[PDB]
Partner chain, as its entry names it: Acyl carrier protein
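Have a look below at one chain only, the form deposited without its partner chain, in structure tokens format.
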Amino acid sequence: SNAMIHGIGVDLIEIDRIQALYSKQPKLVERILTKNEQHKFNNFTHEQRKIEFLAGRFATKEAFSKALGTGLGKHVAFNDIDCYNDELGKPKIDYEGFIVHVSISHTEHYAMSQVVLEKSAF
């Protein structure tokens, strides 16, 4: 554990899969998003923006899990990873022991997210 980066993660998600499931099970939102993220999700005036936000959050959490190492990451509830936005709108995640770097991108049909977990200490 001499490396300064603990791990990296990336996840690509088809918007139509998220849309399908949200339509088939609206309580999907409560299973992926924190209360804070739900507040945001419910505040979007446009349904397509809601689905994009949800897809981006799902991809981000999957990327975060992959950066941790799936063997550990699968034990972290989505509800416990709060991806919030700073004052410039940049996505952020706080997680003790790391400096978490996140980036999200959207097209009409896909959402993707990248996470790099930098170690906070030597």
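Residue numbers count along the first chain shown, from 1. For the two forms, the rigid core is made up of the largest set of C-alpha atoms that agree within 1.5 Å on superposition.
There is another form of this protein, the form solved in complex with its partner chain, and it is not shown here; the text below is about that form.
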| query | So, in the bound PDB entry, is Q48 in contact with its partner chain at a 4.5 angstroms heavy atom limit? | reply | yes
| task | Would you check, heavy atoms only and a 4.5 Å threshold, whether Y95 touches its partner chain in the bound PDB entry? | result | no
| Is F44 close to its partner chain in the bound PDB entry, meaning a heavy atom pair under 4.5 Å apart or at it? | yes
| query | Is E87 among the residues whose Cα moves by 2 Å or more between this form and the one not shown after superposition of the rigid core? | reply | yes
| message | What direction does the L88-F44 Cα distance move in the bound PDB entry compared with the shown chain, closer or farther, given a change of 3 Å or more? | response | farther
